[PDB]
Amino acid sequence: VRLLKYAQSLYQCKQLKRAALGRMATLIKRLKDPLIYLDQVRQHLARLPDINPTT
Amino acid sequence: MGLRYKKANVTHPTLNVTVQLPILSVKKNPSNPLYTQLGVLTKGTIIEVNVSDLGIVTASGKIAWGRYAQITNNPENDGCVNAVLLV
Amino acid sequence: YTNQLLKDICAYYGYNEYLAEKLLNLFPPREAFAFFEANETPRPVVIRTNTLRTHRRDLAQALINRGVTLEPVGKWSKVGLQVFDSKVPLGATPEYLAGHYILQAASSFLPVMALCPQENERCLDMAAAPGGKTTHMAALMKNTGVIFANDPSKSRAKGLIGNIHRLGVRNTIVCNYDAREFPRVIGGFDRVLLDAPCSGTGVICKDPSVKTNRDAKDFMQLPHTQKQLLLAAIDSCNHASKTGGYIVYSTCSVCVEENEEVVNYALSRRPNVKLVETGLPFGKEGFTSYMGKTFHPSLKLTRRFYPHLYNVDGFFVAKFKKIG
Amino acid sequence: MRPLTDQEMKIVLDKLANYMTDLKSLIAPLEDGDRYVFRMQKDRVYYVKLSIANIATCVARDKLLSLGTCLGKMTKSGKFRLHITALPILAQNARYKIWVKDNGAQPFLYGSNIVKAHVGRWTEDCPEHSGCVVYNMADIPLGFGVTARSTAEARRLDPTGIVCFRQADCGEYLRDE
RNA sequence: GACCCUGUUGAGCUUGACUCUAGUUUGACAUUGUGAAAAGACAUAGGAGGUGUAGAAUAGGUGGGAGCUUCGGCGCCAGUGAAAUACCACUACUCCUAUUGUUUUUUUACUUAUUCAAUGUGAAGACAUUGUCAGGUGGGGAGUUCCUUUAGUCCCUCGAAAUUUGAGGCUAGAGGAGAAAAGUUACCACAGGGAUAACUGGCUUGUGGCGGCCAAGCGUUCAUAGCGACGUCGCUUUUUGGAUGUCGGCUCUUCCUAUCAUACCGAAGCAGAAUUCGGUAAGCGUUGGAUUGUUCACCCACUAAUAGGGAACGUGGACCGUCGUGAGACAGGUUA
């Protein structure tokens, strides 16, 4: 945001936006495996029996 | 305020390792001596970088702390500042 | 085992093997471990008041008003204070801008405190790279007398002169000379101050390079250079004066090759020197003999300062009086 | 390694009398007989004692850098200048003194010209372009300069107006570090 | 406008020859004495030494030596220590006492040194004082027209260092009208000159950069003069969950879809319900409050839902100057 605020040209904004979106893309690319693990735990915790310990 | 960068991504031509290291100072910007004096970081600009973390051993079995590194990207195009170390 | 401890310390802390051997010789394993933890631990920052311009309670009140947390540095130093936190930068505050104080270390306190400059006296400082020592001599003598300041380098020289004019010493002549050349060129000073360049093993928090950037070659050349430095200082000093004049040697090195050995050499070479009690309250006794090398038993009065014992930079002092 | 010459010390005393009053007191004999004498090295002038000059002349011209207190340097056109290094003597023998507040002194230490809201109290009978010395509230010498106008015009002028043309201040010292 | 140049001005950096010397100057010496008071260091005679560390221990140190052994105390062994201990021999220093004295220095008093008054004898008083050299400086005066960068000799000298280095000498690679002021800068203010009349118009979007590995092909002659996509590896990037300046505000028409909802289906541990993603789809409709300079974010209230945009971004000062140049001002004008 600061870089774009001090941007001076259309190509400047071009490459700045491309670079930022690339950073987020690479971050998710590394986050590839936690998403799979959390999807699996979500599926089971959904298909988990629900008891009442107090009753 | 924001446009300065404190550390640079230095790639070592030998040992094939890239590490983030602090910037010591700016020595020569070939585009403009005025940019050199101010400290402008353009493409191909040699700066002094602390390489204590790398731990390269020099002659007499001695270690080095500060070495030349050529900024080799266009930081205005891509904010991240990247240099190749000179060894 | 000794070798196992050496390897473990070198691996875990990054010290060179040879310097680690010297430090292990210097301190027992408990004291050694405390010393290494201390010297990787950052030192506190102190502020020295400009007695010529203002006084301690007024400066403290001003910095409290501006939000700086202060504490007096022991009973020993009246002119000093210690900084905990400061909302306003210390550089930009009006007191520092006007010259009410300076930033420094307690090791910068100790040597000029050992010295006792008086009014209308002739003084020398062949190493005043920050300029705090010259400024504090000026503050002690109340801008009465003459100060000569000698430097090797234009850069720290201009830093020196900036500090001097900011603190308003008004009676110092600043020069770029050789410290060895100074006595023959002028000589005849009532008091002389030597902050000899050393290995810097005392303060690796300020100089992390010394953790490794010290080889045996440096450990050999540096003591020879400071030996010639003390030769120059003792040549400069005056034996007889209306006000007693003394030589002060201060260094920031902890290794024995730098400490007590060169002063033993100077004492052996020139009988005119005696050593007197340097007058410093907290310190450690000088070693009578370290590595098969007998030193004059009078070195008992010599003081040492360690980061682990006291929250001060590793520092070394010596005070001498000239007969003829 | 020279003393000043005729026109050189003429311009020097011209500036020094535009800014001070008792240049007799500056160049007057002392009790011991030693005198404060103008020195100039590398086209830069210094104020030293005669004994200091005598004991310093033993040094080679190139190796010696500073002597006494630097007063100023002469430009290529020959115009003489007095600096913040020469500030203390100027404050000691000031003719007109102008005192500023803290909120105005901070821009003054930065390098900004004096504004009317900055000054605390005024000197009287000040000529329009006469030199003056700028102090803070604590009578600490901050700088020197030529006033834009006289005291009465400053009184009747807008608070936002420029008061003194800010020549030199404490900035030079930390500039070099 | 950016931008280039010119002159002035500042900010600088550097040069401003060589040899003596005035101005100088640092240290010593002598002049310079007599006493008294002291102190220090060298003469000696003696007493006692000795821890940074660990080792049992407060380890001068060196040479022999494995128990003289009075006793096996302890040698030996053994740790632990740079150094190991018994012994008998050696010599260094100190901490001192004393005097068996020599010197040195400070202070005091006095005149005998020195210097003044008087001037053809008096006084200050060992303070000043003068002269002697060993230095350094020197743009001032006079006169004429080597140093800088690098490596070796590791040779000689001076040092240091328990034996190897440091600083000079030596050698050989490259450099070079004078005090009046100068050279020069992608720099500053000022005044001026020069140059562009101004921007985009098959431009815009969703996937970063640097380096390496791999890589079909092409290439100077062949995947190696080399160019070279997709991927992967290293850095950003990891072991415990506020940004926003002038603006807006409302309504209305029309259009696009890059679709919030309605309709339709494809996929999902989609039991049901409630959902998520994907696409066909513009007929339909698409509300507030807080907060703020003000918007969005976030926050909460309704509601099927509160989606994004376009409509030539749809309709209702600068000089003439005058007074200042280390910085500015002007109820001055010409006025567009």
# chains A, B, ... in the order shown; residues from 1 in each chain; ligands from 1
$ interface_residues --of "chain E" --to "chain A" --cutoff "9 Å" --atoms "only C-alpha atoms (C1' of nucleotides)" --output "ChimeraX atom specification"
/E:206-209,236-237,243,269
$ interface_residues --of "chain D" --to "chain E" --cutoff "10 Å" --atoms "only C-alpha atoms (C1' of nucleotides)" --output "PyMOL selection string"
chain D and resi 1-3+51+53-61+75-77+81+113+128-129+145-148+161-162+164-168
$ write_last_selection --atoms "N, CA and C atoms" --output "short mmCIF file (atom, residue, chain, number, x, y, z; two decimals), in the first residue's frame"
data_model
loop_
_atom_site.label_atom_id
_atom_site.label_comp_id
_atom_site.auth_asym_id
_atom_site.auth_seq_id
_atom_site.Cartn_x
_atom_site.Cartn_y
_atom_site.Cartn_z
N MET D 1 50.93 28.94 7.63
CA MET D 1 51.32 29.33 8.98
C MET D 1 51.51 30.86 8.99
N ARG D 2 50.47 31.66 8.75
CA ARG D 2 50.62 33.11 8.63
C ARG D 2 49.63 33.81 9.54
N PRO D 3 49.98 35.00 10.02
CA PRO D 3 48.97 35.94 10.52
C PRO D 3 48.19 36.57 9.38
N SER D 51 50.83 32.65 23.07
CA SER D 51 51.62 31.52 23.54
C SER D 51 51.20 30.23 22.85
N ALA D 53 49.95 30.00 19.80
CA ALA D 53 50.51 30.06 18.46
C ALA D 53 52.01 29.78 18.47
N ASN D 54 52.72 30.30 19.47
CA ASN D 54 54.15 30.05 19.57
C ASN D 54 54.45 28.57 19.77
N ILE D 55 53.70 27.90 20.65
CA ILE D 55 53.94 26.48 20.90
C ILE D 55 53.40 25.59 19.79
N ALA D 56 52.50 26.10 18.95
CA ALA D 56 51.96 25.32 17.85
C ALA D 56 52.70 25.52 16.53
N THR D 57 53.45 26.62 16.39
CA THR D 57 54.17 26.86 15.14
C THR D 57 55.23 25.80 14.89
N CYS D 58 55.62 25.07 15.94
CA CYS D 58 56.63 24.03 15.78
C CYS D 58 56.15 22.91 14.86
N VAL D 59 54.85 22.85 14.62
CA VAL D 59 54.29 21.78 13.80
C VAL D 59 54.34 22.16 12.33
N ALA D 60 54.47 21.15 11.47
CA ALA D 60 54.40 21.38 10.04
C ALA D 60 53.01 21.86 9.64
N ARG D 61 52.97 22.61 8.53
CA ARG D 61 51.72 23.23 8.09
C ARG D 61 50.66 22.18 7.75
N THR D 75 35.84 33.21 1.60
CA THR D 75 35.43 32.65 0.32
C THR D 75 36.42 33.05 -0.77
N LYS D 76 36.19 32.52 -1.97
CA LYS D 76 37.07 32.81 -3.09
C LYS D 76 37.00 34.28 -3.48
N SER D 77 35.81 34.88 -3.38
CA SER D 77 35.66 36.31 -3.62
C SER D 77 36.27 37.16 -2.51
N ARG D 81 33.40 35.11 6.81
CA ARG D 81 32.24 34.47 7.42
C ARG D 81 32.56 34.06 8.85
N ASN D 113 14.05 29.84 10.02
CA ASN D 113 14.15 31.25 10.39
C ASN D 113 13.26 31.56 11.58
N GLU D 128 17.56 47.80 11.69
CA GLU D 128 16.87 46.87 10.79
C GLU D 128 17.75 45.68 10.42
N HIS D 129 18.98 45.94 9.97
CA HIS D 129 19.86 44.89 9.47
C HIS D 129 21.06 44.64 10.38
N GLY D 145 22.27 35.97 13.75
CA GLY D 145 21.72 36.33 12.46
C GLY D 145 21.43 37.81 12.33
N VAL D 146 21.03 38.19 11.12
CA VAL D 146 20.63 39.55 10.80
C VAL D 146 19.11 39.63 10.86
N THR D 147 18.59 40.54 11.68
CA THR D 147 17.15 40.67 11.84
C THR D 147 16.52 41.15 10.54
N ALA D 148 15.28 40.70 10.29
CA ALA D 148 14.56 41.18 9.11
C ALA D 148 14.19 42.65 9.25
N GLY D 161 5.19 36.21 10.59
CA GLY D 161 6.24 36.74 9.74
C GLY D 161 7.61 36.27 10.18
N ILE D 162 8.58 36.36 9.26
CA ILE D 162 9.96 36.01 9.57
C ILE D 162 10.60 37.15 10.35
N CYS D 164 14.18 36.95 12.14
CA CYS D 164 15.60 37.10 11.90
C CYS D 164 16.03 36.09 10.85
N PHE D 165 16.95 36.52 10.00
CA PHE D 165 17.50 35.68 8.95
C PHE D 165 18.49 34.72 9.58
N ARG D 166 18.10 33.45 9.68
CA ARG D 166 18.83 32.45 10.46
C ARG D 166 20.11 32.08 9.73
N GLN D 167 21.26 32.53 10.26
CA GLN D 167 22.53 32.30 9.57
C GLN D 167 23.10 30.92 9.89
N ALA D 168 23.45 30.67 11.15
CA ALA D 168 24.10 29.43 11.53
C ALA D 168 23.76 29.09 12.98
#
$ closest_atom_pairs --of "chain D" --to "chain C" --cutoff "12 Å" --atoms "only C-alpha atoms" --output "JSON lines"
{"residue": "D:46", "atom": "CA", "partner": "C:173", "partner_atom": "CA", "distance": 11.2}
{"residue": "D:47", "atom": "CA", "partner": "C:170", "partner_atom": "CA", "distance": 10.7}
{"residue": "D:48", "atom": "CA", "partner": "C:171", "partner_atom": "CA", "distance": 9.4}
{"residue": "D:49", "atom": "CA", "partner": "C:171", "partner_atom": "CA", "distance": 10.2}
{"residue": "D:51", "atom": "CA", "partner": "C:146", "partner_atom": "CA", "distance": 11.1}
{"residue": "D:52", "atom": "CA", "partner": "C:173", "partner_atom": "CA", "distance": 8.9}
{"residue": "D:53", "atom": "CA", "partner": "C:173", "partner_atom": "CA", "distance": 10.7}
{"residue": "D:54", "atom": "CA", "partner": "C:186", "partner_atom": "CA", "distance": 11.3}
{"residue": "D:55", "atom": "CA", "partner": "C:186", "partner_atom": "CA", "distance": 7.6}
{"residue": "D:56", "atom": "CA", "partner": "C:186", "partner_atom": "CA", "distance": 8.4}
{"residue": "D:57", "atom": "CA", "partner": "C:185", "partner_atom": "CA", "distance": 10.5}
{"residue": "D:58", "atom": "CA", "partner": "C:185", "partner_atom": "CA", "distance": 7.3}
{"residue": "D:59", "atom": "CA", "partner": "C:185", "partner_atom": "CA", "distance": 7.2}
{"residue": "D:60", "atom": "CA", "partner": "C:185", "partner_atom": "CA", "distance": 10.1}
{"residue": "D:61", "atom": "CA", "partner": "C:175", "partner_atom": "CA", "distance": 11.7}
{"residue": "D:62", "atom": "CA", "partner": "C:176", "partner_atom": "CA", "distance": 10.0}
{"residue": "D:63", "atom": "CA", "partner": "C:176", "partner_atom": "CA", "distance": 6.6}
{"residue": "D:64", "atom": "CA", "partner": "C:175", "partner_atom": "CA", "distance": 5.9}
{"residue": "D:65", "atom": "CA", "partner": "C:175", "partner_atom": "CA", "distance": 5.5}
{"residue": "D:66", "atom": "CA", "partner": "C:174", "partner_atom": "CA", "distance": 5.6}
{"residue": "D:67", "atom": "CA", "partner": "C:173", "partner_atom": "CA", "distance": 5.3}
{"residue": "D:68", "atom": "CA", "partner": "C:173", "partner_atom": "CA", "distance": 5.8}
{"residue": "D:69", "atom": "CA", "partner": "C:170", "partner_atom": "CA", "distance": 6.9}
{"residue": "D:70", "atom": "CA", "partner": "C:165", "partner_atom": "CA", "distance": 10.1}
{"residue": "D:83", "atom": "CA", "partner": "C:165", "partner_atom": "CA", "distance": 11.6}
{"residue": "D:84", "atom": "CA", "partner": "C:165", "partner_atom": "CA", "distance": 8.8}
{"residue": "D:85", "atom": "CA", "partner": "C:165", "partner_atom": "CA", "distance": 6.8}
{"residue": "D:86", "atom": "CA", "partner": "C:165", "partner_atom": "CA", "distance": 9.7}
{"residue": "D:87", "atom": "CA", "partner": "C:165", "partner_atom": "CA", "distance": 9.7}
{"residue": "D:88", "atom": "CA", "partner": "C:168", "partner_atom": "CA", "distance": 8.0}
{"residue": "D:89", "atom": "CA", "partner": "C:170", "partner_atom": "CA", "distance": 9.8}
{"residue": "D:101", "atom": "CA", "partner": "C:94", "partner_atom": "CA", "distance": 11.6}
{"residue": "D:102", "atom": "CA", "partner": "C:94", "partner_atom": "CA", "distance": 8.3}
{"residue": "D:103", "atom": "CA", "partner": "C:94", "partner_atom": "CA", "distance": 10.4}
{"residue": "D:104", "atom": "CA", "partner": "C:94", "partner_atom": "CA", "distance": 11.8}
{"residue": "D:105", "atom": "CA", "partner": "C:94", "partner_atom": "CA", "distance": 9.1}
{"residue": "D:106", "atom": "CA", "partner": "C:94", "partner_atom": "CA", "distance": 7.6}
{"residue": "D:107", "atom": "CA", "partner": "C:94", "partner_atom": "CA", "distance": 11.2}
{"residue": "D:108", "atom": "CA", "partner": "C:94", "partner_atom": "CA", "distance": 11.4}
{"residue": "D:109", "atom": "CA", "partner": "C:97", "partner_atom": "CA", "distance": 8.0}
{"residue": "D:110", "atom": "CA", "partner": "C:92", "partner_atom": "CA", "distance": 10.0}
{"residue": "D:135", "atom": "CA", "partner": "C:98", "partner_atom": "CA", "distance": 10.7}
{"residue": "D:136", "atom": "CA", "partner": "C:98", "partner_atom": "CA", "distance": 9.5}
{"residue": "D:137", "atom": "CA", "partner": "C:94", "partner_atom": "CA", "distance": 11.7}
{"residue": "D:138", "atom": "CA", "partner": "C:98", "partner_atom": "CA", "distance": 10.1}
{"residue": "D:139", "atom": "CA", "partner": "C:53", "partner_atom": "CA", "distance": 10.6}
{"residue": "D:140", "atom": "CA", "partner": "C:98", "partner_atom": "CA", "distance": 7.3}
{"residue": "D:141", "atom": "CA", "partner": "C:98", "partner_atom": "CA", "distance": 8.4}
{"residue": "D:142", "atom": "CA", "partner": "C:98", "partner_atom": "CA", "distance": 7.7}
{"residue": "D:143", "atom": "CA", "partner": "C:98", "partner_atom": "CA", "distance": 11.0}
{"residue": "D:169", "atom": "CA", "partner": "C:98", "partner_atom": "CA", "distance": 10.5}
{"residue": "D:170", "atom": "CA", "partner": "C:97", "partner_atom": "CA", "distance": 7.5}
{"residue": "D:171", "atom": "CA", "partner": "C:97", "partner_atom": "CA", "distance": 9.0}
{"residue": "D:172", "atom": "CA", "partner": "C:162", "partner_atom": "CA", "distance": 8.1}
{"residue": "D:173", "atom": "CA", "partner": "C:162", "partner_atom": "CA", "distance": 4.6}
{"residue": "D:174", "atom": "CA", "partner": "C:162", "partner_atom": "CA", "distance": 6.3}
{"residue": "D:175", "atom": "CA", "partner": "C:162", "partner_atom": "CA", "distance": 8.4}
{"residue": "D:176", "atom": "CA", "partner": "C:158", "partner_atom": "CA", "distance": 6.2}
{"residue": "D:177", "atom": "CA", "partner": "C:159", "partner_atom": "CA", "distance": 4.5}
$ closest_atom_pairs --of "chain B" --to "chain A" --cutoff "12 Å" --atoms "only C-alpha atoms" --output "Markdown table"
| residue | atom | partner | partner_atom | distance |
| --- | --- | --- | --- | --- |
| B:1 | CA | A:2 | CA | 8.6 |
| B:2 | CA | A:2 | CA | 6.0 |
| B:3 | CA | A:3 | CA | 6.6 |
| B:4 | CA | A:3 | CA | 10.2 |
| B:5 | CA | A:3 | CA | 11.6 |
| B:74 | CA | A:15 | CA | 10.0 |
| B:75 | CA | A:16 | CA | 9.6 |
| B:76 | CA | A:12 | CA | 7.1 |
| B:77 | CA | A:15 | CA | 5.3 |
| B:78 | CA | A:16 | CA | 5.9 |
| B:79 | CA | A:16 | CA | 7.5 |
| B:80 | CA | A:19 | CA | 9.0 |
$ atom_distance --atom1 "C1' of residue 127 in chain E" --atom2 "CA of residue 323 in chain C"
23.3 Å
$ interface_residues --of "chain C" --to "chain B" --cutoff "9 Å" --atoms "only C-alpha atoms" --output "PyMOL selection string"
chain C and resi 209+212-215
$ interface_residues --of "chain B" --to "chain E" --cutoff "10 Å" --atoms "only C-alpha atoms (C1' of nucleotides)" --output "PyMOL selection string"
chain B and resi 8-21+31-35+71-75+77-84
$ write_last_selection --atoms "N, CA and C atoms" --output "compact mmCIF listing (two decimals), in the first residue's frame"
# COMPACT_ATOMS: atom_id res chain seq x y z
N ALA B 8 18.52 -6.99 2.89
CA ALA B 8 18.49 -7.38 1.49
C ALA B 8 18.69 -8.88 1.38
N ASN B 9 18.10 -9.47 0.34
CA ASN B 9 18.21 -10.90 0.09
C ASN B 9 19.46 -11.15 -0.73
N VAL B 10 20.50 -11.69 -0.10
CA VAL B 10 21.80 -11.86 -0.71
C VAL B 10 21.96 -13.32 -1.12
N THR B 11 22.33 -13.53 -2.38
CA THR B 11 22.57 -14.84 -2.95
C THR B 11 24.07 -15.04 -3.12
N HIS B 12 24.59 -16.13 -2.56
CA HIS B 12 26.02 -16.38 -2.62
C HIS B 12 26.35 -17.25 -3.82
N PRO B 13 27.15 -16.74 -4.76
CA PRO B 13 27.41 -17.49 -6.00
C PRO B 13 27.95 -18.89 -5.76
N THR B 14 28.82 -19.06 -4.78
CA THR B 14 29.26 -20.37 -4.35
C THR B 14 28.44 -20.81 -3.14
N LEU B 15 28.39 -22.13 -2.94
CA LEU B 15 27.65 -22.77 -1.85
C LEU B 15 26.15 -22.71 -2.08
N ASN B 16 25.73 -21.98 -3.11
CA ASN B 16 24.34 -21.93 -3.58
C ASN B 16 23.35 -21.73 -2.44
N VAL B 17 23.57 -20.66 -1.68
CA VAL B 17 22.71 -20.34 -0.54
C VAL B 17 22.27 -18.88 -0.63
N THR B 18 21.00 -18.64 -0.34
CA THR B 18 20.44 -17.30 -0.32
C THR B 18 19.91 -17.01 1.08
N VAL B 19 20.35 -15.89 1.66
CA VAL B 19 20.00 -15.52 3.03
C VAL B 19 19.67 -14.03 3.06
N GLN B 20 18.77 -13.65 3.96
CA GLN B 20 18.48 -12.24 4.22
C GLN B 20 19.54 -11.70 5.17
N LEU B 21 20.22 -10.63 4.75
CA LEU B 21 21.26 -10.06 5.59
C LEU B 21 21.09 -8.55 5.68
N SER B 31 23.87 4.69 -11.98
CA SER B 31 22.95 5.54 -12.72
C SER B 31 23.22 7.02 -12.45
N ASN B 32 23.46 7.38 -11.19
CA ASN B 32 23.64 8.78 -10.83
C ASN B 32 24.49 8.90 -9.58
N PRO B 33 25.58 9.68 -9.62
CA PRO B 33 26.32 9.96 -8.38
C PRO B 33 25.46 10.59 -7.30
N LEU B 34 24.47 11.41 -7.67
CA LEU B 34 23.56 11.96 -6.68
C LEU B 34 22.75 10.85 -6.01
N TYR B 35 22.27 9.89 -6.80
CA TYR B 35 21.61 8.72 -6.23
C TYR B 35 22.55 7.93 -5.35
N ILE B 71 23.07 -5.33 -5.97
CA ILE B 71 21.63 -5.32 -6.15
C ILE B 71 21.34 -5.52 -7.63
N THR B 72 20.58 -6.57 -7.94
CA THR B 72 20.40 -7.05 -9.30
C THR B 72 18.94 -7.11 -9.73
N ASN B 73 18.03 -6.52 -8.97
CA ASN B 73 16.63 -6.45 -9.36
C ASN B 73 16.24 -4.98 -9.48
N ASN B 74 14.95 -4.74 -9.67
CA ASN B 74 14.43 -3.39 -9.81
C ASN B 74 13.53 -3.09 -8.61
N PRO B 75 14.07 -2.70 -7.46
CA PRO B 75 13.25 -2.63 -6.24
C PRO B 75 12.00 -1.79 -6.38
N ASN B 77 10.19 -1.69 -9.05
CA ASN B 77 9.26 -2.64 -9.66
C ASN B 77 8.81 -3.70 -8.66
N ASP B 78 9.75 -4.29 -7.92
CA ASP B 78 9.44 -5.27 -6.89
C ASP B 78 10.15 -4.88 -5.60
N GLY B 79 9.39 -4.32 -4.66
CA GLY B 79 9.88 -3.86 -3.37
C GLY B 79 10.96 -4.69 -2.71
N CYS B 80 10.86 -6.02 -2.78
CA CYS B 80 11.91 -6.87 -2.24
C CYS B 80 13.23 -6.58 -2.94
N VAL B 81 14.30 -6.39 -2.17
CA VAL B 81 15.59 -5.98 -2.70
C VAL B 81 16.53 -7.17 -2.68
N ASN B 82 17.04 -7.53 -3.85
CA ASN B 82 17.82 -8.75 -4.05
C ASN B 82 19.21 -8.39 -4.58
N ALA B 83 20.23 -9.03 -4.03
CA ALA B 83 21.61 -8.80 -4.43
C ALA B 83 22.33 -10.13 -4.58
N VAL B 84 23.37 -10.12 -5.42
CA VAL B 84 24.31 -11.22 -5.53
C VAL B 84 25.60 -10.81 -4.82
$ select_by_dssp --residues "chain A" --states "alpha helix (DSSP H)" --output "ChimeraX atom specification"
/A:2-5,10-30,32-46
$ residues_around --residues "range 38-44 of chain C" --least-positions-apart "5" --cutoff "6 Å" --atoms "only C-alpha atoms (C1' of nucleotides)" --output "PyMOL selection string"
chain C and resi 205+307-308
$ interface_residues --of "chain C" --to "chain E" --cutoff "10 Å" --atoms "only C-alpha atoms (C1' of nucleotides)" --output "NGL selection string"
:C and (24-28 or 183-188 or 217 or 220-221 or 223-225 or 227-228 or 240 or 256 or 271-272 or 286-292 or 294 or 296-298 or 323-324)
$ residues_around --residues "range 62-68 of chain E" --least-positions-apart "6" --cutoff "12 Å" --atoms "only C-alpha atoms (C1' of nucleotides)" --output "ChimeraX atom specification"
/E:74-77,83,86-92
